[PDB]
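The block underneath contains the structure these notes are about, expressed in structure tokens.
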Amino acid sequence: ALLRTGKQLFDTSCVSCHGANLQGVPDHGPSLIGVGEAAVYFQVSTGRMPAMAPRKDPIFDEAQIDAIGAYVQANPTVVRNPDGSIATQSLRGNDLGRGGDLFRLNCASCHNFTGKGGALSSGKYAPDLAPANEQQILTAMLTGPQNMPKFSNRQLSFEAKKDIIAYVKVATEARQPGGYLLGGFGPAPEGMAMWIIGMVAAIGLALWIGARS
Amino acid sequence: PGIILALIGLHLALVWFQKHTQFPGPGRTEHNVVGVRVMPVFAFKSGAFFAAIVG
Amino acid sequence: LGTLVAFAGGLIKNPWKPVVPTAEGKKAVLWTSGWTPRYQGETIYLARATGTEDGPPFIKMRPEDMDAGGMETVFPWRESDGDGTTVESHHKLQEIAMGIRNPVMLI
Amino acid sequence: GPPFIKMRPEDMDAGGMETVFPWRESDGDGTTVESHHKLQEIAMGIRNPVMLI
Amino acid sequence: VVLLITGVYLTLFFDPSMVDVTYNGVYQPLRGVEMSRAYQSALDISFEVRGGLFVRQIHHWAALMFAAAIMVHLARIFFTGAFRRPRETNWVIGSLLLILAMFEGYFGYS
Ligand SMILES: CC(C)=CCC/C(C)=C/CC/C(C)=C\CC/C(C)=C/CC/C(C)=C/CC/C(C)=C/CC/C(C)=C/CC/C(C)=C/CC/C(C)=C/CC1=C(C)C(=O)c2ccccc2C1=O
Ligand SMILES: CC(C)=CCC/C(C)=C\CC/C(C)=C\CC/C(C)=C/CC/C(C)=C/CC/C(C)=C\CC/C(C)=C/CC/C(C)=C\CC/C(C)=C/CC1=C(C)C(=O)c2ccccc2C1=O
Ligand code: HEC
Ligand code: HEC
Ligand code: HEM
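Which chain is which? The protein sequence lines are V, E, S, X and L, in order.
Mapped onto the deposited numbering, the consecutive letters of the first sequence carry residue numbers 60 to 111, 117 to 139, 143 to 280.
Position in the second sequence (first residue = 1) + 220 = the deposited numbering.
Position in the third sequence (first residue = 1) + 215 = the deposited numbering.
Position in the fourth sequence (first residue = 1) + 269 = the deposited numbering.
Position in the fifth sequence (first residue = 1) + 55 = the deposited numbering.
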């Protein structure tokens with residue numbers, strides 16, 4: 060009954076964009092034939108799906129999404148736990164150094180050293196990596212959303228992907244041992260903080276100690 | 221660092237021996253310096269400012 | 216003049232002396248890349264990095280190991296470098312990795 | 270391949286002196302990087318060398 | 056002065072070499088990575104000397120305050136006119152000091 064509930068839910072809100080046979084309207088939507096359940100999971104769970117594009121709240125909730133995914137697959144899969152739930156902690160890896168090297172070579176050019184945002188050309192940008200979970204990161208690098216290259220499982224193995232997932236989950240949630248994180252970027256916030264705090268306090272001390280006329 | 225230390229030394233020596241400038245005011249003239257003497261007051265203020273900046 | 220020249224003469228190097236052996240003689244560094252052929256017909260693979268030190272830090276690539284929207288960074292392989300198990304092979308792979316004109320984008 | 274080789278009693282004469290180090294088979298010859306590092310750590314030890322007469 | 060003191064401290068722990076090594080240190084997200092000896096020395100200062108992170112942060116903040124104070128002082132001299140006839144050589148000396156400080160900080164954070 061998954062294939063049945065999937066089509067009805069798809070025919071209501073998805074055929075308008077892509078098509079009756081999931082082949083792609085020349086103006087509205089893409090083909091969607093070769094994509095698996097992973098693209099359906101990512102795009103729907105991140106709220107990027109049905110649209111007129118930042119992340120938002122999903123409309124379908126964890127059962128309709130699975131039915132639509134099974135339907136689109138029936139015409143890249145998501146990873147599940149041996150109990151049928153979606154994997155959350157199983158996707159983490161143990162080689163943080165390898166994950167970090169791979170991230171700095173493949174991913175840091177667009178997001179950041181530590182998964183902050185990045186600017187792209189003429190509008191578009193790369194988002195922050197904090198509000199994404201492990202399955203969302205996996206499906207993101209498996210399907211390659213807009214302007215993001217698609218990383219095949221044959222060019223970037225599953226174990227390397229798990230190491231990268233572990234590395235980003237550590238780089239997004241570890242406490243800074245040096246004081247207040249000034250935004251995660253380099254010396255631009257540091258120069259701002261310098262001019263606004265240190266020099267202001269020094270000049271105020273000079274005004275207090277010295278005279279004026 | 222050595223070159224900067226030498227240039228800072230020469231700079232401060234010139235400032236010490238060519239006396240400081242001042243703003244025009246009541247008792248001020250192109251020929252005098254109105255202010256405070258080093259010994260009790262100026263050294264005290266300089267040391268306090270140094271401590272505050274280190275803080 | 217003599218002491219100035221003898222004091223500053225140890226730093227000066229000629230950028231155009233031929234030191235890099237290629238398939239057509241010896242060339243100057245700034246004209247060679249690492250993709251330059253060495254013995255007139257040598258196979259230089261487009262190898263990708265694995266980020267690990269198990270045995271290979273560089274593996275070959277087949278045309279079907281990518282999708283129609285992917286980009287991969289590749290380096291020159293030159294099989295006589297081998298995987299990095301021996302110290303010699305490890306040094307060869309490290310000099311492959313640390314070269315400013317080595318990386319290539321394959322789309 | 271070997272920077273250290275084992276010794277047998279007959280590998281010496283009655284007027285010989287030899288410097289010896291601790292071997293520990295698990296170090297192996299210095300072909301791989303890990304074994305090379307183990308052997309370097311053997312050779313750079315200030316209480317390792319022993320005189321056998 | 057603060058820069059001098061903190062730099063003298065920092066010189067007792069730094070190794071400015073470019074020879075490559077593997078980390079194998081306490082900062083687990085970098086264990087097994089090929090780095091230079093200078094980067095490993097800086098990581099050691101940060102994570103295994105009691106107070107080293109504090110000292111190098113003081114050093115970098117003092118460098119930024121140095122540059123900003125030099126610029127504000129140049130602004131005062133220029134706008135009040137303290138550079139005129141008797142003190143032109145001192146203006147020139149200060150300008151040289153500014154250039155030298157710029158390049159010294161640039162070499163520092165590299
Ligand atoms: C006054 C002086 C510049 C005149 C020079 C005369 C001229 C003939 C010389 C020739 C030089 C050439 C021809 C052009 C110079 C232009 C430039 C290329 C010079 C290079 C270096 C130059 C000498 C530096 C001078 C800059 C200037 C003197 C700094 C003084 C700034 C003022 C007076 C400080 C007052 C206190 C301050 C406003 C408190 C509030 C904080 C504000 C927001 C500071 C603004 C601010 C600053 C100043 C940052 O540097 C900065 C850097 C990174 C991120 C953010 C900021 C930032 O917000
Ligand atoms: C004698 C002894 C040291 C020999 C060693 C014996 C030997 C056997 C032992 C071996 C041990 C060796 C290896 C080490 C020895 C020592 C070692 C441990 C030290 C390492 C470095 C260490 C950590 C430094 C600590 C010292 C520190 C705590 C004290 C710093 C205080 C000093 C340096 C302040 C100087 C201030 C400044 C540079 C002087 C300028 C003169 C003053 C400020 C006038 C400035 C000034 C002028 C000039 C104006 O014209 C003016 C005009 C208008 C308005 C204002 C001003 C104005 O302020
Ligand atoms: C006409 C509005 C529109 C609506 C409604 C819509 N889509 Fe899309 N969709 C697009 C467009 C345009 C793209 C192209 C990529 C982009 O814009 O991000 C896309 C991309 C996709 C992709 C990924 C394409 C790829 O190449 O990987 C999938 C999967 C998808 N849509 C499925 C869905 C699902 C599930 C729904 C839920 C009913 C839906 N679409 C509703 C317009 C729409
Ligand atoms: C600049 C090219 C680019 C590269 C290279 C790239 N990204 Fe992205 N990434 C993007 C863009 C643009 C988006 C936004 C997609 C969208 O809006 O639909 C995105 C989205 C994502 C998201 C989802 C963000 C969210 O809010 O859910 C994740 C997770 C992600 N990327 C991870 C990665 C990883 C891991 C890598 C390295 C394998 C990588 N990215 C490489 C540009 C890139
Ligand atoms: C005088 C002006 C100086 C400036 C502007 C300056 C600036 C800097 C800066 C910005 C750094 C990078 C700090 C970091 O790691 O984040 C640095 C590093 C360093 N500085 Fe300085 N410095 C100065 C003087 C000195 C002096 C006098 C010494 C030694 C006597 C010194 C010793 C060092 C050392 C050893 C490092 C590397 C250690 C490290 O990076 O952790 N500096 N410098």
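The C-beta atom is built at its ideal place from N, Cα and C for all residues, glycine as well.
Subject >> Through-space distance from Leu81/V to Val74/V, alpha-carbon basis >> reply: Counted from its first residue, the first sequence places residue 74/V at position 15. Counted from its first residue, the first sequence places residue 81/V at position 22. C-alpha separation (whole angstroms): 7 Å.
Subject >> Nearest-angstrom Cα separation, counted from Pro233/S out to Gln255/S >> reply: Start at 1 with the first residue of the third sequence, and residue 255/S comes out as number 40. Start at 1 with the first residue of the third sequence, and residue 233/S comes out as number 18. Answer to the nearest angstrom: the Cα atoms are 18 Å apart.
Original post:
Can you pull the DSSP bridge partners for residue 26/L?
Top reply: It is not possible to answer for residue 26/L, since the shown part of chain L is limited to 56 through 165.
Subject >> heavy atom of ligand 3 below 8 Å from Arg107/V C-beta >> reply: For the purposes of this step, residue 107/V is taken as the residue at position 48 of the first sequence. Because some heavy atom of ligand 3 lies under 8 Å away, the Cβ of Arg107/V counts as near it: yes.
**OP:** Just confirm the distance between the C-beta atoms of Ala93/L and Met73/L, as a whole number of angstroms; I'd bet it's less than 8 Å.
**Re:** Locating residue 93/L in the fifth sequence gives position 38, where the first residue counts as 1. Locating residue 73/L in the fifth sequence gives position 18, where the first residue counts as 1. About 7 Å; that satisfies the 8 Å criterion.
Original post:
Taking the runs of the alpha helix (DSSP H) that are 4 residues or longer, which of them lie wholly in the stretch 184 to 243 of chain V?
Top reply: Here the runs fully enclosed are 201 to 210, 225 to 240.
Subject >> Rounded separation between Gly284/X and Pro278/X - CA only >> reply: For the purposes of this step, residue 284/X is identified with residue 15 of the fourth sequence, where counting begins at 1. For the purposes of this step, residue 278/X is identified with residue 9 of the fourth sequence, where counting begins at 1. Taking the straight line from one Cα to the other gives about 13 Å.
Original post:
How close, in whole Å, do the beta carbons of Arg159/V and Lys217/V come, if the pair is a contact with beta carbons under 8 Å?
Top reply: On the first sequence, residue 159/V is found 92 positions in, with the first residue counted as 1. On the first sequence, residue 217/V is found 150 positions in, with the first residue counted as 1. Not confirmed; about 23 Å, so no contact.
Original post:
Which residues of chain E have a Cβ atom closer than 7 Å to the Cβ of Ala269/V, listed in chain order?
Top reply: For the purposes of this step, residue 269/V is taken as residue 202 along the first sequence, with counting starting at 1. Result: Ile273.
Original post:
Mind listing which residues of the stretch 247 to 270 of chain E have their C-beta closer than 9 Å to chain L's C-betas, in chain order?
Top reply: Taking 9 Å as the Cβ-Cβ cut-off against chain L, the residues of the stretch 247 to 270 of chain E that qualify are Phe270.
Subject >> Span of the alpha helix (DSSP H) around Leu65/L >> reply: Within the fifth sequence, numbered from 1, the residue matching residue 65/L stands at position 10. Going by DSSP, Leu65/L is part of the alpha helix (DSSP H) stretching over 57 to 65.
**OP:** For the stretch 307 to 317 of chain S and the stretch 287 to 299 of chain X, state whether three or more C-beta atom pairs, one from each stretch, are separated by less than 8 Å.
**Re:** Because the criterion of three Cβ pairs below 8 Å is not met, the stretch 307 to 317 of chain S and the stretch 287 to 299 of chain X do not touch.
**OP:** Output, in chain order, the set of chain E residues within a Cβ distance shorter than 7 Å of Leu151/L.
**Re:** The residue you call residue 151/L lines up with position 96 of the fifth sequence. Listed along the chain, the chain E residues whose CB falls inside 7 Å of the CB of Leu151/L are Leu227.
Original post:
Any residues in the stretch 240 to 268 of chain S with a beta carbon nearer than 8 Å to a beta carbon of chain L? Which ones, in chain order?
Top reply: Using a CB distance below 8 Å, the part of the stretch 240 to 268 of chain S facing chain L consists of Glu268, ordered along the chain.
**OP:** Within the same chain, show all residues whose beta-carbon is closer than 7 Å to that of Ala156/L, passing over the 5 residues directly before and after it, in chain order.
**Re:** Within the fifth sequence, numbered from 1, the residue matching residue 156/L stands at position 101. Only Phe121, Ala122, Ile125 meet the Cβ criterion.
Subject >> Residue environment, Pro149/V, which counts as buried when at least 16 other CB atoms sit within 10 Å >> reply: The residue labelled residue 149/V in the question sits at position 82 within the first sequence. An exposed status is given to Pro149/V, since fewer than 16 other beta-carbon atoms sit within 10 Å of its beta-carbon.
Original post:
Does at least one heavy atom of ligand 3 sit under 8 Å from the Cβ of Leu91/V?
Top reply: Here residue 91/V corresponds to residue number 32 of the first sequence, with the count starting at 1. Correct: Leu91/V has its Cβ closer than 8 Å to ligand 3.
Original post:
Roughly how many angstroms lie between the CA atoms of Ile315/X and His178/V, to the nearest whole one?
Top reply: As a first step, residue 315/X must be located in the fourth sequence, where it is residue number 46. As a first step, residue 178/V must be located in the first sequence, where it is residue number 111. In this structure, the straight-line span from the alpha carbon of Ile315/X to that of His178/V is close to 50 Å.
Subject >> N-terminal and C-terminal residue of the alpha helix (DSSP H) that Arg171/V is part of >> reply: In the first sequence, the residue the question calls residue 171/V occupies position 104. It spans 163 to 173 - the alpha helix (DSSP H) in which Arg171/V sits, taken as one unbroken run.
Subject >> Proximal residues of chain V, C-beta to C-beta of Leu98/L below 9 Å >> reply: Against the fifth sequence, residue 98/L aligns to sequence position 43. Below the 9 Å Cβ cutoff, chain V contributes no neighbours of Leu98/L, its closest Cβ being approximately 12 Å away.
Original post:
By the criterion of Cβ-Cβ separation under 7 Å, what are the contact partners of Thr218/S in chain X?
Top reply: The sequence position of residue 218/S within the third sequence is 3, counting from 1. Near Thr218/S there are no residues of chain X at all, since even the closest Cβ is about 42 Å away, more than 7 Å.
Original post:
Is it true that the CB of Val146/V sits closer than 9 Å to the CB of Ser157/V?
Top reply: For the purposes of this step, residue 157/V is taken as residue 90 along the first sequence, with counting starting at 1. For the purposes of this step, residue 146/V is taken as residue 79 along the first sequence, with counting starting at 1. For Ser157/V and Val146/V, yes; Cβs fall inside 9 Å.
**OP:** Along the beta strand (DSSP E) that carries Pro89/V, what are the first and last residues, could you check?
**Re:** Against the first sequence, residue 89/V aligns to sequence position 30. Careful: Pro89/V lies outside any beta strand (DSSP E) and carries neither H nor E.
Original post:
Is there at least one non-hydrogen atom of ligand 1 closer than 8 Å to the beta-carbon of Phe69/V?
Top reply: One-based indexing of the first sequence puts residue 69/V at position 10. No, the Cβ of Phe69/V stays beyond 8 Å of every heavy atom of ligand 1.
Original post:
In angstroms, rounded to a whole number, what distance separates the CA positions of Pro71/L and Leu85/L?
Top reply: As a first step, residue 71/L is located in the fifth sequence; it is residue number 16 there, counting from the start. As a first step, residue 85/L is located in the fifth sequence; it is residue number 30 there, counting from the start. For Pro71/L and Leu85/L, the distance between alpha carbons rounds to 20 Å.
**OP:** Please determine, among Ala138/V, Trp262/V, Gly251/V, the residue with the shortest C-alpha to C-alpha distance to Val127/L.
**Re:** Along the fifth sequence, one-based indexing puts residue 127/L at 72. Checking every option, the nearest Cα to that of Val127/L belongs to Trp262/V.
Original post:
Quick one: which chain S residues come within Cβ less than 9 Å of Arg165/V?
Top reply: By one-based count along the first sequence, residue 165/V stands at place 98. What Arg165/V touches in chain S, judged by beta-carbon distance under 9 Å, is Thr265, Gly266, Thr267, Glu268, going in chain order.
Original post:
Under the rule that 16 or more other beta-carbon atoms within 10 Å means buried, what is residue 182/S, buried or exposed?
Top reply: Chain S is shown only over 216 to 322; residue 182/S falls outside these bounds and no answer can be derived.
Subject >> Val235/V CB to nearest heavy atom of ligand 6 below 8 Å >> reply: Among the ligands present in this structure, namely ligand 1, ligand 2, ligand 3, ligand 4 and ligand 5, ligand 6 is not found.
Original post:
For the stretch 220 to 266 of chain S, which segments carrying the alpha helix (DSSP H) assignment without a break, of at least 4 residues, lie completely within its bounds, in sequence order?
Top reply: If you keep only unbroken alpha helix (DSSP H) runs of at least 4 residues inside the stretch 220 to 266 of chain S, you get nothing at all.
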